[PDB]
Every structure is written in C-alpha cells, then in structure tokens.
Amino acid sequence: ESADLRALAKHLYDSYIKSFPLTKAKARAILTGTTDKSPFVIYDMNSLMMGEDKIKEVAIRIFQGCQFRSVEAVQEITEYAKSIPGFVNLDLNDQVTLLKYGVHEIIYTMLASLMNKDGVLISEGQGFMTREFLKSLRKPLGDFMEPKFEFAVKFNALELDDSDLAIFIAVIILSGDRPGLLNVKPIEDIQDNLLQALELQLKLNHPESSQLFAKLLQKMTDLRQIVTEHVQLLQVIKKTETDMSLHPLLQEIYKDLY
Amino acid sequence: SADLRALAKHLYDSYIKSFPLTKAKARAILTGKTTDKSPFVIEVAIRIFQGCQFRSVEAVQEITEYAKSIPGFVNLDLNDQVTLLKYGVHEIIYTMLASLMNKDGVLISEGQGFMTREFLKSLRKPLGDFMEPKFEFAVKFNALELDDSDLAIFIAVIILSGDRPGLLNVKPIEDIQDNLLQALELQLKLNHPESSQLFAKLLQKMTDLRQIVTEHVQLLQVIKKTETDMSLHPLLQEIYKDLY
Ligand SMILES: O=C(O)[C@H](Cc1ccccc1)Oc1ccc(-c2ccccc2)cc1
Ligand SMILES: O=C(O)[C@H](Cc1ccccc1)Oc1ccc(-c2ccccc2)cc1
C-alpha cells in the first residue's frame, strides 16, 4: 500500500496538531536562537528569583509543575487516542487499559521535544531551565529530571519530526501486550497497520538513516522502563522525605481512597 | 485563656497565609451590594471536571502547608503525617468549597465567575450528579454561619483525626486533637454565644464529611466501569491507582 498508508499518516498528523499545542517544530524553532522573543533562561538561583516576572520553594514549584502538566497531558493524549481509527470501537475497558499505560510513555516522548543537552523549555516556551541547574538541586530533585534528559538526548539524535512522532505515539498507544487487555487481536490488527504506516513514513522521510524503524521499536521498550524508574523515585520520596510539601500526596490519595 | 485563645489565633493567622480565598472574601462577592467587579455568571462536562482535577492539585499544597503549621504535626512519625493528610484533604476541600456556595450557585476562578446550581444539575448523565450533593451539604453547613476564625480550628480538628485507617501512633495525635477540640469549643462559646449546641453540630459535620468523600469516589467508580467515552474518565486517577 501507499495511498491508504499515506492517508492514515496524514490523518494522524492532522489530529496530532489539533490535540497537542506545543509541537516539536515549534519547540525547535524556539531552541534555535529564530528570534521571535527569546526564552528567559533559568540558570542559577539569582536568575531563578527573576523568573517570577516574565512568565506564568523551587523544588515544590518544579514538582507541582509536573503534576499540573500530567493533568493537561491526559486530556490531550485521550483526544489524540480517540482519533486513531478503530480505537473507540474497542471494548471500553481495553481503551482504558491502553491509555493508562500509554499516557506517561507519551509524556516522556513529547518532553524530549522540549529538551536538548543543555536544558528544557518551560511555560510553553517562555523559559529555559538549565540541565545543570536542575542537577544542582536538593536531594530529591537533583536526580529527577536527569534520566529524562538521558533518554531525550539519544531520542532526539534520531531527528524525528512531528509527522514521524504522530505515528510513533499511535503505535505505542495501540500496544497489544499491555497487562489486563481483554481482546488482543483487534488491538494488534490496528497496530500492524500503524507499524506499516510508520515504516513507510520513515523510509520516505529518512533516506540518510539506517535501521530507524528498528531503533524506534527499541525506544518504545525503553520508555516502559523510564516510566517504572520515575514511579520508583517517587516511592523513595514517599518513604523518606521528611517534608510533606515534597510528597506526591494526591497520587497517594487516589491510590488508597479512590 | 492564654494557651487556647493563643492557639486559636495562631491557627487563624496560618489559615489566612495558606488559603487565598477566605469565606469573608467570598461572602463579600456573593453580596452584589459589595460591587468591586461583579462575577461573570455561567465540551462542558469535560471542562468543568478537568477544572476540579486542577483544583485538587492546588488544594493539596495549600492544605499541606496549613497542616504543617498545626503545632505538633511535623513532629509526628512521617507515616502518620501522610495518613492524616491523605484522609483530610478531600474533607477540607468540600468544607472550604461550601464557603463559595449558596443555594443558587458556586463562585469559581477566585471569585471571577459564578456557575449556577441549576446549570450544574442540568448537565448530561454522568455530570449532573457531581455537584448537587456538595450544594446540599453546603447549604446546611453555611446555615451554621461559621467565620474564618471558626473554620481554621474546625479544619485543624479534622486533620488531627486519631481514627484514620493505618495510623501507627494514635496517642500523640489524640493529645493534639483534644486541645484543638477545646480551642474550638471555647471559640464557639465566645464567637457564637447565641448558638447553643453548635459544637456538637460541628462534630456531626466532621462525620458527614467522610460520607461526602465516599459518595464522590463512588460516582467516579461508576464512571470508570460504565462510561463509553474516555474523555469522561478520570484517567489520571486510574493511572495513579493502578501503576503508581
Ligand atoms: O508522575 C507524573 O504524573 C509526573 C510526570 C511528569 C514528569 C516530568 C514532567 C512532566 C510530567 O511526574 C510527577 C513528578 C513529581 C510530582 C510531585 C508533585 C508534588 C510533590 C511531589 C512530587 C508529581 C508528578
Ligand atoms: O476528586 C477530586 O479530586 C476532585 C475533587 C473536587 C471536587 C469539586 C471541586 C474541586 C475538587 O473532583 C474531581 C471530579 C471529577 C474529575 C474528573 C476529571 C476528568 C474526567 C472525569 C472526572 C476529577 C476530579
């Protein structure tokens, strides 16, 4: 096929644009000092102090920032998922299972688009927080973002664009091996087609590269472990951080009471 | 008193620092006499509920800060601090939400808007049911006419509840709560002399709070198991429950 596979890729790209406000192209334009308002750079504490002026303690603020982001991201990703042909015809429980596992893997995928070697874009491109600043933080915070940077630098060296990413994300969501799925076949049928679309897309968009498709499938597997490592940093915090302002208490509430 | 009145003052001052919209502020807006920018009067199912989810994120931080200011609290075993806050948060969210409600609707976005009760009740099948029980609670709660000074102590008593499941050291929690209860009582006697039995009514309300929370959780569980549209599931809550 081409037509259909190409048509599918375009459909995914269009819905990705509708669902996700900050695209990689947008982020890359800003990270390329394309001067249409340079981002404010947060690079030491002196410069952190000023950052509450030209944007919308520091540990708390960074952590709450992440929690807010997850709220927004779930809605964006859910909308994207619903646009994947076949998805909303799956059993309700399986739709839940797929999104439940897919969400965080996609958050870290898309976070890479805002990162480079040196730091991460924040507040919708208004600011840039330095990697080494994040590293210098206090005990819980110092090693929180670093694994996401490690992931991102290697991920970004593959040079995917938004068109690639739209199909990548769709393949991840339609993963037939999530624990607890009830009907695997229809999920796999959809994913097989998405994988063919991805492959064709990569062949057309990436002449210079070898084995990009296979590399990308490796990355889908790596994401699983990025999720599990993040969850485990949080568990250490729950058991050892003396200051309740630094615990992810909302997460504990939903787990134990809801 | 010295201590009991001093404790009441300390709690009130920290409540003011920790919680931006006070009942007095809210009551002033809900007074169309006090015109200093009238509130704007109000898919939607999704938007309103994402709005609640955002609010919970913010509220946890405010309440945590308040809790830390209660003398004794930060010296408790860490597990117990977690347990107390974990159960306290939603009960306090609904307590404080009552301050923004009257029988006709609820103040939102820091007093910038007013959503009518009728509008909230009219929504689609899952959504219609969410806010109404909170309104029922609030109307009766607000007829007790507590002010912010009262509320500061009320909330502290709730947080220091010695019967939360999973507590390891009950005694030190009860010692602090016994004092908070005495402060509350004295406060109510001094601030609401005309209101015999207010203290007892307030303790009933603490228990009712636990019911409100449980009903809200249950509405959400029905949704998780029966709503065909994923946009209407509380997917974040499902993620933290199953994976985290
Ligand atoms: O687990 C999640 O949903 C997010 C995921 C995320 C991670 C990096 C950027 C954006 C989102 O990570 C969090 C990290 C820390 C916290 C948190 C919040 C308050 C206090 C302590 C930790 C919450 C979520
Ligand atoms: O349970 C919670 O943490 C909040 C509590 C709350 C209730 C009213 C005002 C502020 C907070 O209520 C929610 C209600 C619905 C939802 C939700 C979100 C997305 C899709 C479906 C339901 C999330 C939270």
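Each chain gets a letter, A, B and so on, in the order the sequences are listed, and its residues count up from 1.
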>> Just verifying a value: how many Å separate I93(B) CD1 and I63(B) CD1, rounded to the nearest 0.5 Å?
In response: 5.0 Å

> Are any non-hydrogen side-chain atoms of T116(B) and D104(B) less than 4.5 angstrom apart?
Replying inline: no

> Just how far is it from atom OG1 of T95(B) to atom NE2 of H90(B), taken to the nearest 0.5 Å?
Replying inline: 12.0 Å

>> Side chains of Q187(B) and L4(B), heavy atoms from C-beta outward: is any pair under 4.5 Å?
In response: no

>> Between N142(B) and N102(B), is the side chain to side chain donor-acceptor pair (under 3.5 Å) condition met? List the steps.
In response: CA-CA 8 Å; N142(B) 294 347; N102(B) 62 27; over 6 Å; no

> Using 4.0 Å as the upper bound for N to carboxylate O, is an ion pair formed by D163(B) and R210(B)?
Replying inline: yes

> Side chains of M131(B) and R117(B): does their closest heavy-atom pair fall under 4.5 Å?
Replying inline: no

> Are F135(B) and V106(B) close enough, and set up right, to give a side chain to side chain contact (heavy atoms under 4.5 Å, CB included), and what steps lead you there?
Replying inline: CA-CA 9 Å; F135(B) 280 101; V106(B) 62; 3.9 Å; yes

> Nearest 0.5 Å, what's the CD-CD1 distance between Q81(B) and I173(B)?
Replying inline: 9.5 Å

>> Within this structure, what is the OG1-CG distance for the pair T78(A) and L236(B), rounded to the nearest 0.5 Å?
In response: 10.0 Å

> Got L141(A) and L134(A) here, is their nearest side-chain heavy-atom distance under 4.5 Å?
Replying inline: no

> Is the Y108(A) to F151(A) ring centre distance short of 6.0 Å?
Replying inline: no

> Any luck finding a side-chain donor-acceptor pair between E238(B) and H233(B) under 3.5 Å?
Replying inline: yes

> Can you list the steps and then say if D229(B) with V88(A) is a side chain to side chain contact (heavy atoms under 4.5 Å, CB included)?
Replying inline: CA-CA 8 Å; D229(B) 185 334; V88(A) 298; over 6 Å; no

>> Tell me whether the rings of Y244(B) and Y240(B) are parallel (<30°), tilted (30 to 60°) or perpendicular (>60°).
In response: perpendicular

>> I need the minimum non-hydrogen distance between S123(A) and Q126(A), along with the two atoms involved.
In response: O-OE1, 2.9 Å

> Should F20(A) and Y80(A) be marked as a ring pair (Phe, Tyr, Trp, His ring centres under 6.0 Å) after you check the CA-CA gap, both sets of side-chain angles, and the distance that decides it?
Replying inline: CA-CA 8 Å; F20(A) 300 115; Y80(A) 182 59; 5.6 Å; yes

> Between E58(B) and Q64(A), is a side chain to side chain donor-acceptor pair (under 3.5 Å) present by the stated rule, with each step listed?
Replying inline: CA-CA 8 Å; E58(B) 172 203 313; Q64(A) 297 291 19; over 6 Å; no

>> Using the rule given for side chain to side chain contact (heavy atoms under 4.5 Å, CB included), can you reason through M101(B) versus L30(B), listing the C-alpha separation, both sets of side-chain angles and the distance that settles it, and then say yes or no?
In response: CA-CA 9 Å; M101(B) 286 174 151; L30(B) 294 164; over 6 Å; no

>> Tell me if a side-chain donor or acceptor on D148(B) pairs with a main-chain N or O of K23(B) at a distance below 3.5 Å.
In response: yes

> Rounded to the nearest 0.5 Å, what separation is found between the CD atom of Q197(B) and the CG atom of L144(B)?
Replying inline: 12.5 Å

>> I want to check something: taking the side chain as every heavy atom from C-beta on, are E52(A) and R61(A) in contact at a cut-off of under 4.5 Å?
In response: yes

>> Side chains of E241(A) and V236(A), heavy atoms from C-beta outward: is any pair under 4.5 Å?
In response: no

>> Any non-hydrogen side-chain atom of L114(A) less than 4.5 Å from a side-chain atom of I122(A)?
In response: no

> Under 3.5 Å, side chain of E43(B) to main-chain N/O of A45(B), donor-acceptor pair present?
Replying inline: no

> If we ignore angles and hydrogens, is there a donor and acceptor under 3.5 Å between the side chains of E79(A) and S231(B)?
Replying inline: yes

> With no hydrogens and no angle check, is any side-chain donor or acceptor of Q211(B) less than 3.5 Å from a backbone partner on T207(B)?
Replying inline: no

> When you look at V82(B) and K238(A), which way does the side chain to side chain contact (heavy atoms under 4.5 Å, CB included) test go after all the steps?
Replying inline: CA-CA 9 Å; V82(B) 169; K238(A) 290 186 190 188; over 6 Å; no

> Which of parallel (below 30°), tilted (30 to 60°) and perpendicular (above 60°) describes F130(B) and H216(B)?
Replying inline: perpendicular

> Hey, does the side chain of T97(A) reach the backbone of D94(A) with a donor-acceptor pair shorter than 3.5 angstrom?
Replying inline: no

>> In the structure I gave you, are the side-chain heavy atoms of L90(A) and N183(A) within less than 4.5 Å of one another anywhere?
In response: no

>> I'd like to know whether the aromatic ring centres of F68(A) and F54(B) sit less than 6.0 Å apart in this structure.
In response: yes

> Only one of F199(B), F141(B), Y15(B) clears ring-ring contact (aromatic ring centres under 6.0 Å, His included) with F154(B); which?
Replying inline: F141(B)

> Quick one: is the NZ or CZ of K68(B) closer than 6.0 Å to the six-membered ring centre of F73(B), and within 45° of its axis?
Replying inline: no

>> Looking at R178(A), is its backbone amide N or carbonyl O close enough to the side chain of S175(A) to form a donor-acceptor pair, meaning the two atoms are under 3.5 Å apart?
In response: no

> Taking atom CD1 of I70(B) and atom OG of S14(B), what is their separation to the nearest 0.5 Å?
Replying inline: 7.5 Å

>> Tell me the closest heavy-atom pair linking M220(A) and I172(A), and the distance in Å.
In response: CG-CG1, 3.7 Å

